[PDB]
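Taking it in order: structure first as structure tokens, then the write-up.
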RNA sequence: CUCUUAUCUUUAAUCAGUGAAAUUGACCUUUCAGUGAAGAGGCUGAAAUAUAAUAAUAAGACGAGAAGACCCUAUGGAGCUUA
RNA sequence: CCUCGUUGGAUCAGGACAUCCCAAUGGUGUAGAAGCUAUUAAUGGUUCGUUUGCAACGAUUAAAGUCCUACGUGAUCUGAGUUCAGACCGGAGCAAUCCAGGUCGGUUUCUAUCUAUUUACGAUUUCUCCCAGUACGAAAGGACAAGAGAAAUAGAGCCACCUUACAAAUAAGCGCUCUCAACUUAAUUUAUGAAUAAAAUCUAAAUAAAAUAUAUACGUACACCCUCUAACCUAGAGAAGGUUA
Ligand SMILES: Nc1nc2c(ncn2[C@@H]2O[C@H](COP(=O)(O)OP(=O)(O)NP(=O)(O)O)[C@@H](O)[C@H]2O)c(=O)[nH]1
Ligand SMILES: [Mg+2]
Ligand SMILES: [Mg+2]
Ligand SMILES: [Mg+2]
Ligand SMILES: [Mg+2]
Ligand SMILES: [Mg+2]
Ligand SMILES: [Mg+2]
Ligand SMILES: [Mg+2]
Ligand SMILES: [Mg+2]
Ligand SMILES: [Mg+2]
Ligand SMILES: [Mg+2]
Ligand SMILES: [Mg+2]
Ligand SMILES: [Mg+2]
Ligand SMILES: [Mg+2]
Ligand SMILES: [Mg+2]
Ligand SMILES: [Mg+2]
Ligand SMILES: [Zn+2]
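Chains as they are written, first to last, in the deposited numbering: chain u, 115 to 209; chain z, 15 to 325; chain L, 31 to 145; chain 4, 65 to 101.
What follows is the structure, given as structure tokens:
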């Protein structure tokens, strides 16, 4: 995508409201040719993400944000610490 | 060593093969001709696995609980256990070893004493006493029959005895067991449960051999065995198998024992570039052998119910 | 094409998918009206004596032209709520996950490489 | 509409009609009283 | 096995030569509902209906063959054992 | 008097409605959404496993209906039992033997004479989106109908691609494409209106309508009129059929 947006929220109630508010505004704000957008993560209680055509917004509660640390991954493309910790392997015989 | 063993979604043991069903109601019919009922249960799980069905279906007659396999267990608690049993409602109980024929004399006097106090009604005039042995599979019900047969009748083995759960299939005909009291024993197939309550209750029974390890997983049972063995301080598996400082990871300990036994498999591992068959140490065979030494008793005397239900 | 009892590879950094307990996870269920699972199709996984949801991100069966055919059947572990269990994916993930119907944005956020 | 073997008026406002080959009691006050034969 | 496919050979089928078997009351040998012994091509009532081959299927003809199975009978046998 | 009296699976299904799902409705202790109960309707559908004598269990589903068709169906196949010749245990008998007691092992074949049958149709369901986080509701929560797109399965076809073969010019699916209309009608709901003096009454009164599943009025397909030594054919067992500068 062209842009990546991450937004924190106090509680699950707050996350639902803003996600609904933005979606309502998006349909109101032109987008006549552009299609509609699904709201993803409503089943989850801590992470909601809406994938607009040119923008993807991921909304999550505070605790979830630090666990995943999405900002580091997209800022540091391939130098992310967690991605670095992962390693490749090969499998020869034991003896 | 890990303080708490986690489950969070492990399946509970599933049972009731057909033979345990058609046999379960043939027991009930036999209650007409039975003067007493024996419950046989492994002495390592005094409270964990006892099938609830037996008490509900047949609770009217006098009752004695037999705790077989007392030798391969640590019964230092005993007295506290006995008091706990009385609170539950287990008025009569006594620990028995059938391979060494220990304490198998005391059963007949107690069994006769219970029948005295009770009533006999339809069979009041019969001088022939018939009683029934029931329990979860692989507790020594069939062994008890033979052991009594040779301690009193002195003839020998009359019921096939095996090292695997589910050898006795159906309620068979009567087998002569004693002569002077003349008690007769009826042998019934082991019946485990429809539901096993906690999954831990199902692990504790899997370790005792009540559950065929192949519908619970050898590896999962092995992890629980290591988890319990380390907590109880019985580090006797680090000398049978050289493990140096010991460990709390099942994969590590299983690695060493597989090396000690020189066992290897060709296993298909799934990698990024495709599937390759790689020679590997035999973790599954290690788990099967590791459980066997525990069952024989060379890994130490264990009382599973010590921790959760000390009472 | 993932089916029931297929052996699959956990392409993730989650603890449950690590090489310890070498026994590969096996598929118990495919969440499709057909039992065949393709890219983007959820499945139920037998992993380490547990039952966990997973999302197919690559497989060895030929697909339509212009799309990547991988050398292994790959999956990512998914929580009951739908959040991915692992926090990073390093193996390439096909870009076709973006459009197809479903909730796939969360997984795409976790994966740096797209092929 | 409960279909009953024998139809009986249940209140003052209940009235009886013969529609589409059957007898009906219809009540304006209480729709519960509607019945068919 | 999901979930089957392709190819080759045997068989098949057409042509030429040779030429059996169980079987068979007679047959100009239909469908439906009724009747009836759980039962109908053939009876009752409706219906259908130019005549003959060739190749396929196996629902029916209680389909055809065996020294099969089960039960009962005979002042029928036989083997075995004894107190 | 103590005892004890064929059915699974596979294949292909025909039918009933006493309806499990899909569709049309009445009532409610129906606000919405979930439910409960009733009526009409037989339309197509109604999964894959674990345990294995079936009885529970796991994961799904719009739903995993109840039944009839000599277990529907072994001259289509197959398991167990009926159940024996061998052999063991447990019990009974002096024995031979026995047990509607356990177990292990254990061979029914059929070349089709007759009837019957062997060449087309006009689609079902789910999910997302929109309506709309709207209506409703104190909040919590949370829809109709109308509209759009996706899949799945079923039916019918096809070979540009992909894939597997003939290490043949082809055949296949694991690949691709296409699928629709309802004259007329049941429960039910409206309008006009008498019997019945009404600003009554949906009417086994005369009437005007709307409203399930069905189906064939209505359309597609077929139609032609017949040279054939022979050769060839994406037509085929034979025959038939097509092609021939
Ligand atoms: N160490 C030990 N092993 C015992 C004892 N009693 C029986 N066993 C073991 O347990 C097995 C026999 O169990 P068995 O008598 O068949 O039990 P069951 O419950 O009658 N069998 P089933 O599961 O078929 O119902 C043998 O492996 C025997 O060595 C005992 O007192 N001590
Ligand atoms: Mg000839
Ligand atoms: Mg003739
Ligand atoms: Mg004729
Ligand atoms: Mg007839
Ligand atoms: Mg006639
Ligand atoms: Mg013929
Ligand atoms: Mg026939
Ligand atoms: Mg016959
Ligand atoms: Mg006579
Ligand atoms: Mg049918
Ligand atoms: Mg009806
Ligand atoms: Mg037949
Ligand atoms: Mg053999
Ligand atoms: Mg034939
Ligand atoms: Mg709507
Ligand atoms: Zn009324």
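In this text, a Cβ means the ideal position worked out from N, Cα and C, and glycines have one as well.
- Message: On the CB-based measure, 16 or more other CB atoms within 10 Å of its CB, does residue 30 (chain z) come out buried or exposed?
- Response: Here residue 30 (chain z) corresponds to residue number 16 of the second chain, with the count starting at 1. Exposed, because fewer than 16 other Cβ atoms sit within 10 Å of the Cβ of residue 30 (chain z).
- residue 154 (chain u) and residue 164 (chain u) look like a contact to me (Cβ under 8 Å); what is the Cβ gap, rounded to whole Å? For the purposes of this step, residue 154 (chain u) is taken as the residue at position 40 of the first chain. For the purposes of this step, residue 164 (chain u) is taken as the residue at position 50 of the first chain. Their Cβ separation, rounded to whole angstroms, is 7 Å, which keeps residue 154 (chain u) and residue 164 (chain u) in contact under 8 Å.
- chain L within 8 Å of residue 181 (chain u), Cβ atoms only: Start at 1 with the first residue of the first chain, and residue 181 (chain u) comes out as number 67. Answer yes: the Cβ-Cβ gap between residue 181 (chain u) and chain L drops below 8 Å somewhere.
- Where residue 92 (chain L) falls, given that 16 or more other Cβ within 10 Å makes a residue buried: For the purposes of this step, residue 92 (chain L) is identified with residue 62 of the third chain, where counting begins at 1. Exposed: under 16 other Cβ atoms inside 10 Å.
- Is DSSP giving residue 330 (chain z) helix, strand or coil here? Outside the modelled stretch of chain z, which goes from 15 to 325, sits residue 330 (chain z), for which no answer is possible.
- Inter-residue spacing [alpha-carbon to alpha-carbon] between residue 120 (chain L) and residue 226 (chain z): What you label residue 120 (chain L) is simply residue 90 of the third chain in a count that begins at 1. What you label residue 226 (chain z) is simply residue 212 of the second chain in a count that begins at 1. Whole-angstrom Cα-Cα distance: 41 Å.
- Under 7 Å between beta-carbons, which chain u residues line up against residue 294 (chain z)? List them in chain order, please. Here residue 294 (chain z) is taken as the residue at index 280 of the second chain, counted from 1. Within chain u, the residues near residue 294 (chain z) are 208.
- Task: Check whether the Cβ atoms of residue 222 (chain z) and residue 58 (chain z) lie closer than 8 Å to each other.
- Result: Reading the second chain from its first residue, position 208 is the one you call residue 222 (chain z). Reading the second chain from its first residue, position 44 is the one you call residue 58 (chain z). Result yes, Cβ atoms of residue 222 (chain z) and residue 58 (chain z) sit closer than 8 Å.
- Message: Between which residues of its own chain and residue 279 (chain z) is the CB-CB distance below 6 Å, once the five residues before and five after are set aside?
- Response: For the purposes of this step, residue 279 (chain z) is identified with residue 265 of the second chain, where counting begins at 1. Excluding sequence neighbours, residue 279 (chain z) sits near 294, 296.
- Query: When every heavy atom of ligand 17 is checked, does at least one fall within less than 7 Å of the C-beta of residue 100 (chain 4)?
  - Reply: Taking the fourth chain and counting its residues from 1, one reaches residue 100 (chain 4) at position 36. False, no ligand heavy atom lies under 7 Å from that Cβ.
- Query: Which residues in the same chain have their Cβ closer than 7 Å to the Cβ of residue 66 (chain 4), if we skip the five residues on either side of it in sequence?
  - Reply: Looking up residue 66 (chain 4) in the fourth chain gives position 2. Cβ neighbours of residue 66 (chain 4) beyond the five flanking positions: 99.
- Expressed to the nearest angstrom, what Euclidean distance is found between the alpha-carbon atoms of residue 70 (chain z) and residue 303 (chain z)? Indexing the second chain from 1 puts residue 70 (chain z) at position 56. Indexing the second chain from 1 puts residue 303 (chain z) at position 289. Cα to Cα, the separation comes out at about 38 Å.
- Message: Given this structure, state the Cα-to-Cα distance separating residue 64 (chain L) from residue 71 (chain 4), to the nearest angstrom.
- Response: Counted from its first residue, the third chain places residue 64 (chain L) at position 34. Counted from its first residue, the fourth chain places residue 71 (chain 4) at position 7. One C-alpha to the other measures close to 53 Å.
- Message: Determine whether the beta carbon atoms of residue 219 (chain z) and residue 27 (chain z) lie at a separation below 8 Å.
- Response: Your numbering for residue 219 (chain z) matches position 205 in the second chain. Your numbering for residue 27 (chain z) matches position 13 in the second chain. Yes, the Cβ-Cβ distance between residue 219 (chain z) and residue 27 (chain z) is below 8 Å.
- Say whether the segment 255-266 of chain z touches the segment 277-291 of chain z, bearing in mind that this needs 3 or more beta-carbon pairs closer than 8 Å, one atom from each stretch. no
- Message: On the CB-based measure, 16 or more other CB atoms within 10 Å of its CB, does residue 201 (chain z) come out buried or exposed?
- Response: Taking the first residue of the second chain as position 1, residue 201 (chain z) is located at position 187. Buried: at least 16 other Cβ atoms inside 10 Å.
- Message: If you follow the alpha helix (DSSP H) that residue 239 (chain z) is in, where does it begin and where does it stop?
- Response: Looking up residue 239 (chain z) in the second chain gives position 225. That run of the alpha helix (DSSP H) goes 232-245.
- Message: Classify residue 187 (chain u): buried if its beta carbon has 16 or more other beta carbons within 10 angstroms, exposed otherwise.
- Response: Within the first chain, the letter at position 73 stands for residue 187 (chain u). That one is buried.
- Mind pulling the chain z residues with CB within less than 7 Å of residue 205 (chain u)? Translated into positions along the first chain, residue 205 (chain u) becomes position 91. Chain z residues near residue 205 (chain u): 283, 285, 290, 292.
- Message: Please give the ranges of any alpha helix (DSSP H) in the segment 123-192 of chain z, keeping only runs that are unbroken, at least 4 residues long and fully inside the region.
- Response: 155-162
- Message: Measuring only the C-alpha atoms, how far is residue 42 (chain L) from residue 107 (chain L)?
- Response: To locate residue 42 (chain L), count along the third chain from 1; it is residue 12. To locate residue 107 (chain L), count along the third chain from 1; it is residue 77. Roughly 7 Å between the two C-alpha positions.
- Exposed or buried, residue 144 (chain L), counting other C-beta atoms within 10 Å across all chains shown (16 or more means buried)? For the purposes of this step, residue 144 (chain L) is identified with residue 114 of the third chain, where counting begins at 1. Flag for residue 144 (chain L) reads exposed.
- Which same chain residues, not among the five before or five after residue 165 (chain z), have their C-beta less than 7 Å away from its C-beta? Translated into positions along the second chain, residue 165 (chain z) becomes position 151. Hits under 7 Å: 115, 118, 119.
- Task: Consider the Cβ of residue 125 (chain L): report whether some Cβ of chain u lies at a distance smaller than 8 Å.
- Result: By 1-based counting over the third chain, the position of residue 125 (chain L) is 95. No, residue 125 (chain L) does not count as interfacial toward chain u.
- Message: Cutting at 7 Å between CB atoms, please list the residues of its own chain near residue 92 (chain 4), excluding the five before and the five after it.
- Response: Taking the fourth chain and counting its residues from 1, the one referred to as residue 92 (chain 4) is at position 28. Counting only Cβ-Cβ distances below 7 Å, and skipping sequence neighbours, we find 77.
- Would you please state the rounded distance, in angstroms, between the beta carbons of residue 88 (chain L) and residue 111 (chain L)? I believe it to be under 8 Å. As a first step, residue 88 (chain L) must be located in the third chain, where it is residue number 58. As a first step, residue 111 (chain L) must be located in the third chain, where it is residue number 81. Going by Cβ atoms, the distance from residue 88 (chain L) to residue 111 (chain L) rounds to 24 Å, so no, they are not a contact pair.
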